[PDB]
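>>> Any chance you could fold what I've pasted below:
(chains A, B and C)
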Amino acid sequence: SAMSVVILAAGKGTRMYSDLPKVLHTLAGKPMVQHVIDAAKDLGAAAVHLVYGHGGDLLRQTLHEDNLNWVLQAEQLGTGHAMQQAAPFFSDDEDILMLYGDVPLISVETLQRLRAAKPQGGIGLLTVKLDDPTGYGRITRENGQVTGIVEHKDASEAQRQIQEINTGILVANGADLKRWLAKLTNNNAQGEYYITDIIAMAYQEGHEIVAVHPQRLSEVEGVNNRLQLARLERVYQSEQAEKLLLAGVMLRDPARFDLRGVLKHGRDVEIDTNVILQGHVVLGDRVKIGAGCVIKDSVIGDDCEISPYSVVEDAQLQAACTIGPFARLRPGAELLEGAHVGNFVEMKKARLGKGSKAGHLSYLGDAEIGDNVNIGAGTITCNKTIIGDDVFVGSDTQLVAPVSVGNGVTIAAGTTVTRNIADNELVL
Amino acid sequence: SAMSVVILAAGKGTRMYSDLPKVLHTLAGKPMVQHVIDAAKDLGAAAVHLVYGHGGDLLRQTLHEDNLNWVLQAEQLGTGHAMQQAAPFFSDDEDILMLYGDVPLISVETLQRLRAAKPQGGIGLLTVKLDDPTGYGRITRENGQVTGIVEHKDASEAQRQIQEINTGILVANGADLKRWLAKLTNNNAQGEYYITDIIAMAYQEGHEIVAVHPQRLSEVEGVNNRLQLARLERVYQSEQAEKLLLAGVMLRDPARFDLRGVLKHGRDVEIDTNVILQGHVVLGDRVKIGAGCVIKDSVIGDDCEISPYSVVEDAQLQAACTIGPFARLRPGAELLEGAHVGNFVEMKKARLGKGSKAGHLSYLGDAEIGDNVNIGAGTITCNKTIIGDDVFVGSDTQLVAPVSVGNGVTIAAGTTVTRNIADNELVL
Amino acid sequence: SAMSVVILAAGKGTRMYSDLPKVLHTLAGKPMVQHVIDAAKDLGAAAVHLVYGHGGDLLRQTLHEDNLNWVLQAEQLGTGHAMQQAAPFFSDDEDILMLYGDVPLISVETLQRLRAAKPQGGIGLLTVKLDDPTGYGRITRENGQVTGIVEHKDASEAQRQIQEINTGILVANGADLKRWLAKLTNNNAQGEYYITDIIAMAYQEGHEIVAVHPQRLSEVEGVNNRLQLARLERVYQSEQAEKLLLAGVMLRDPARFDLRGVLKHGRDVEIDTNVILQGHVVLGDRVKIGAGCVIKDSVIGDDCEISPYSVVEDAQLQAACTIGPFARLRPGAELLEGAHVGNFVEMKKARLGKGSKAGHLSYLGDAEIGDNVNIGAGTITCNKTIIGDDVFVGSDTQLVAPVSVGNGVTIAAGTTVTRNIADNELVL
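Numbering: from 1, shown residues only, chains lettered A, B, ... in the order given. There you are, the coordinates:
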């Protein structure tokens, strides 16, 4: 049926020691909470009620979704209190799913299982078994059926023996949640309203609670300091690296591979050590990536070979291109088939012709290069400048924009150019 | 006595998701099967019968050995079938060793032990003990003597308790193998001919089977997808790094060290993080390698210091040379004693004089530099060009090949050179 | 009370396979023994008696401390013999602490606990419990009180069952040590004098030995070959990385982070993969460090962003500066607020003006740049050269030191400059 998601970002992140609200800190180039939001959209949630208690300005500034509903928690009286703030927006028919902004790695597949498990008029609860539960609410089951959740402090000595604990993620009818949430109370040592209390309410009402379990423990792990964030970073990266390897993308060393975004890979792609991929990268068949490269929001043609320690940003490479080592492609760069970019060469808003080489110490700016052109070592453009097909450029040539150069033109070393040059005309 | 090796590359590598046959995929810069071939040559195998079922063109294209004998397996009817294809080439006197192209890390030392263990007219079989054998053929021993191998499917419940399993590597007389291989049959669920059946044949004939065990489990691990290949890559690299450390080569971080080839190291060599060595590298005493460097098929003199993020290919450095950071040496580069190559400097088919510096933004091409020369920042050569001893070159000087420059010549900044220059003559 | 430290560097480092004495080899940019010396100074040791048997010249050459007292051990007759050599310098009142130069990671906090534990006229001994003690002296306790140390060779079969072993670190009154050290003897298979014998002497005299335990086993681990050194390197680095993460410094990947020295970090600092920090680095609030950067003895202003694969040495950056990618800052470089250094740009003993850009292929040497200056791509200085505020420099301009350039000057591309330039004067 229909569903909505409640993401909780109310928890204050003092241990982060940051001015940025905890949930906005990045994991793999994307804020933690955005991982949770993206899961909610995949599941098809109609609305995403985000509950925050601090850093409102930064949260709205960073996060923009059409269905994003902002819910203030004036003071931090606990998970149960937070769900009360969002309860008015719950629709009676829709199932309401409860997620946390500091638990980025919850899997969409595990959430789909949780929804199926929800009995009607009942609750589906994500639970996990820990070799050592300590300070964790313990699932209490009689005759194999869930009856409630016992906080560790209130835990009896027998209940401190239960391996199963509470993740805090659950699913319930929207109307049911509004009924239980009204019954909540603050009479307890902390003074908080604990969401866990609704599980007992369901059992007392004769409704059933069904528990499912996550595939990995990482899915339910949450972040409270930079160290745990760095740990989940490595978990996420290694999870992606194994998938890519089994999909036929070779990684020389999976531990030294960072993917921040989405990769579309052809067959027989090879990626060496310490490569970082960012944004949306597209790699063709038989693409090679040298050690230490960084590629962001770029497309690489089939059979291109990027040599080591090259940096590419929003560039478009056709097939058979080669670049690097130490090449640098600014945004808007573009190479045609067979083009070579050499070491210590930069390109901004420029296009290099087919079979055109800029082998050394050359900067190209707001320029267009013809096919089969040869760019001299040390060539520099003070940007727009255009060059025709089959031009040769002398070593250390300077071209002052706007300069157009004719097809077949040949230019002498050391030349400095301020006028345009006729086709097939030698210039010195 | 005499020996030959049968390498099996018949297994088809669908899980690799590749056009390249599985056994050709690289581990540490060398195809897996080539690891096996190289082991066979160390052992002194007279012939290496490679049995393939697909990708013949690529295999012959890649692998060239004088003793390499190519054996087609028309269809993939199992290991026993494959050994039948090679059986005609077996010599009666020679012992025949059975290896696999997807098991790259089998150790030469473990294979030497296997040969000694072979009883005459009998079989030596490599076996290993696994905490969890599942789907593995189980060694069956009566009174401590081997009697056969039991596939897991046919395994009885007691036999599913045996820790010892079959590696698939074995040694037998060449004549014996031809006798057993004839007796093989396809009557079984798969329809394959299992090589494991010969072990029972030996026991029924009264001949003895003797089992040895590998030193590491990695030696017998085989590759069927990119992930397992990447795992063996890390195993191999870490095995080399420990050896180098105990041999007196310091590695700042062994996990971030990749050796693809053979290293000859002097004493007191230090290698920082994320260095990659390729081909055949020779390092002198007290050589330093900066973080991120890549060295291929190059020789570095005693006491040379390569600064970080330098790339060197087929270069020859004398003692006391320094290069980098961000230096780049194309093939054929050569430095004399005391020479310095600075950042953003490239050298192709060039030689730098003794105590000669090219500190900045300089490209050198098909050139020869005299001793004590100073190369200006921005110097560029449009290649052959020669420079005498004790020359000074102005910043941003261009030299058009072929230009010869006299000893003691001093050249002005911005100069562009098309003629030769007399000794001790200032030029502007 | 007062204290002194005895560091033992007598052990000869044959397994290191080095000409450099073992204790001088570096861990995190600092010689192992210097870790021990630095611990001793934190504890406030009045004197540090270093006992060496070889490589005296290199040790004095490398290690310079005001309180460093050098004690020769003519021949290597064991720890007890070494302490005899230093015993004359012990003061009666001062407690004497026994440390080892090959145990770099001993913690100052664990040593403070050891001192408190020392009974008067008695001994405090650092001990540890090992799942497998083998070849380790075993602590022998009767009624819970220490009575002696039993070498493993002399160990009885019951004593080979004791988990507690001897670290070799201990504390005793200076006078007491002189009394026990006199009683030592060489009558044993090795012929050595074992320091462990004094523990029994104390028990026989009725004095008490009190054992404390280290926090980590790494604190008491010692180095005898390059491999163990590399292991302690990784232990030390990962220990620092966790501290920085909990302190609010984000590390994208803690395993790929090396700190060699001391870091002062503002809030919300982010450090990407494979960064190396050296010497004394100071980072402001919200500083970003790109993948692969190296920073040494440098100060980075608030909000500076260092792009990847940049190398910085003894540079001083004000707030809001940006540099890289592929930027290189030689020692003495300095940037003013808002300055940008682009790719393939070097700076030595130079200062870049506020909001001043050197975007491409530019070398700056012994120069001073005015605010709002624009530095053309390919600009080169043959160093002192000065530039006024609001100057523009053409692409590939060369300036020959000493050249002063006026405020507001604008210079043409390809120009080469040997004279000074008047304010607001265009030059070509």
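>>> wait, doesn't residue A:298 sit right on residue A:323?
No - counting by Cβ atoms under 8 Å, residue A:298 stays clear of residue A:323, with 11.0 Å between them. Every C-beta, even on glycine, is put in place using the N, C-alpha and C of the backbone.
>>> Give the residues shared as contacts by the two.
A:312, A:317, A:329 (Cβ atoms under 8 Å, 6 or more residues apart in numbering or on different chains).
>>> Including secondary structure and neighbour count, could these go into a markdown table?
Listed next are the shared contacts of residue A:298 and residue A:323 as a markdown table, based on DSSP: H, G, I helix; E, B strand; the rest coil; neighbours: other Cβ atoms under 10 Å in any protein chain shown:
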| residue | secondary structure | neighbour count |
| --- | --- | --- |
| A:312 | strand | 29 |
| A:317 | strand | 30 |
| A:329 | strand | 29 |
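>>> Of those residues, which is the nearest to residue C:34?
When those are ranked by distance to residue C:34 (Cβ to Cβ), residue A:312 comes first, at 42.7 Å.
>>> Give me the phi and psi for the closest residue to chain C within chain A.
At 2.8 Å from chain C, residue A:17 is the closest residue in chain A, using Cβ to the nearest Cβ. Main-chain dihedrals, residue A:17, degrees, to the nearest 10: phi 60, psi 50.
>>> Is the closest residue to residue A:30 other than its chain neighbours within a helix or a strand, and which one?
Among residues not flanking residue A:30 along the chain, residue A:260 sits closest, at 7.3 Å (Cβ to Cβ, 6 or more residues apart in numbering or on different chains). Taking DSSP states H and E as the criterion, residue A:260 maps to strand A:257-265.
>>> how far out from the middle of the chain is that strand?
9 Å (Cα atoms, centre = their mean, to the nearest Å).
>>> in that strand, what's buried?
For strand A:257-265, a neighbour-count test (16 or more other Cβ atoms under 10 Å in any protein chain shown) marks A:257, A:258, A:259, A:260, A:263, A:265 as buried.
>>> next one: stretch A:10-28
Here stretch A:10-28 shows A:10-11, A:13, A:16-18, A:20-28 as buried, counting by 16+ other Cβ under 10 Å.
>>> Quick check: next helix or strand after the strand holding residue A:260?
Downstream of strand A:257-265 (by DSSP H and E), the next one is strand A:270-271.
>>> In its sheet, which strands sit next to that next one, and in what direction?
strand A:250-251 (parallel), strand A:288-289 (parallel) (DSSP bridges).
>>> Look up the closest residue to residue A:19, ignoring the ones flanking it.
residue C:268 is the one closest to residue A:19 (Cβ to Cβ, 6+ apart), at 6.1 Å.
>>> Kindly confirm whether my reading is correct that that neighbour touches residue C:248.
Yes - counting by Cβ under 8 Å, residue C:248 is a contact partner of residue C:268 at 7.1 Å.
>>> residue contacts, the closest residue to chain B within the stretch 51-200 of chain A?
Using Cβ to the nearest Cβ, the closest approach of the stretch 51-200 of chain A to chain B is made by residue A:131 at 19.3 Å. Counting by Cβ under 8 Å, 6+ apart, residue A:131 touches residue A:163.
>>> Let's verify it: helix, strand, or coil?
Under DSSP: H, G, I helix; E, B strand; the rest coil, residue A:131 falls in the coil class.
>>> Residue A:233 belongs to a helix, doesn't it?
Yes - under three-state DSSP, residue A:233 sits within a helix.
>>> What residues does the closest residue to chain B within the stretch 101-250 of chain A make contact with?
Ranked by Cβ to the nearest Cβ, the top residue of the stretch 101-250 of chain A for proximity to chain B is residue A:248, at 2.8 Å. Counting by Cβ under 8 Å, 6+ apart, residue A:248 touches A:265, A:267, A:268, A:269, B:16, B:17, B:18, B:226.
>>> what touches both of residue C:268 and residue C:248?
residue A:18.
>>> circling back to that earlier point, would you quantify the distance from the residue of the stretch 51-200 of chain A closest to chain B to residue A:106?
Counting by Cβ to Cβ, to the nearest Å, the gap from residue A:131 to residue A:106 is 21 Å.
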